[PDB]
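One chain comes next, on its own, written out as structure tokens in the form deposited in one PDB entry.
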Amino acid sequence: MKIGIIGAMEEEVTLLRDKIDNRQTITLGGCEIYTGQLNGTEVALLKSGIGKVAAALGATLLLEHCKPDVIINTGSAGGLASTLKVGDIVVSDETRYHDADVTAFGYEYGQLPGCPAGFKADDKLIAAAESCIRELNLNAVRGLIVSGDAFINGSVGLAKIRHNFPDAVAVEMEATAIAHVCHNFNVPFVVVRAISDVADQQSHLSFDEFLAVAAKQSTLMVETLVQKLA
């Protein structure tokens, strides 16, 4: 049982990194992987960097060099569903690209040729995460998470996403790329992130302020989830 964990930013991986025993590091392809035991569980924790390509590169390296059994994508996210507040958890049942458009060839908006329109997250991983949410008594929303190479702060950027993906519960910049890579190698995948902002209302300022809260909450979730899978 080796669990892969991927976060984009230093701030998102630092708490999980500090809790790894017999921690060794691989710096490769401009990313970092940290290997060891987390509460006596073998894990590979990747710091990918930001955006779709960084995440895809990182995910590929992780899968190649660490051969994890599953991948959990952790970190912050912009909340779209109205029940969500800063700190709350979001769990993917599906990921889609909100910025992909080959509709001129009759693909569905969001869909890239050779891909499904959206990528289904693993039902066992989702079940596990929902049990972790009940144990910890966290507030959480399960739903479609959308990814793009844009930081969303209201206006037409947010309106476009709500028009094209009315059911999207959160927006971010890596999850669908990781899902795409995992799909291609048939590795079970799930996103377990926490809200740093509401993708509007000066989200850049909320992000500066509440990223630490979001890192702490997703970290709590991930630790518990990893324990529960082992």
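Rigid core (definition): largest C-alpha set, two forms, superposition within 1.5 Å. Throughout, we count residues from 1 along the sequence that is shown.
Below, we turn to the form deposited in another entry, even though it does not appear here.
The residue among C182, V198, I33, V190 whose Cα moves by 2 angstroms or more between this form and the one not shown, once the core is superposed, is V198. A8 shows a C-alpha shift of 2 Å or greater between this form and the one not shown [criterion: core-superposed Cα displacement of 2 Å].
Panel note: the distance between the CA atoms of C132 and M9 is smaller in the other entry than in this form, the difference being 3 Å or more. Look at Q202 and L138: in the other entry their Cα atoms come 3 Å or more closer than in this form.
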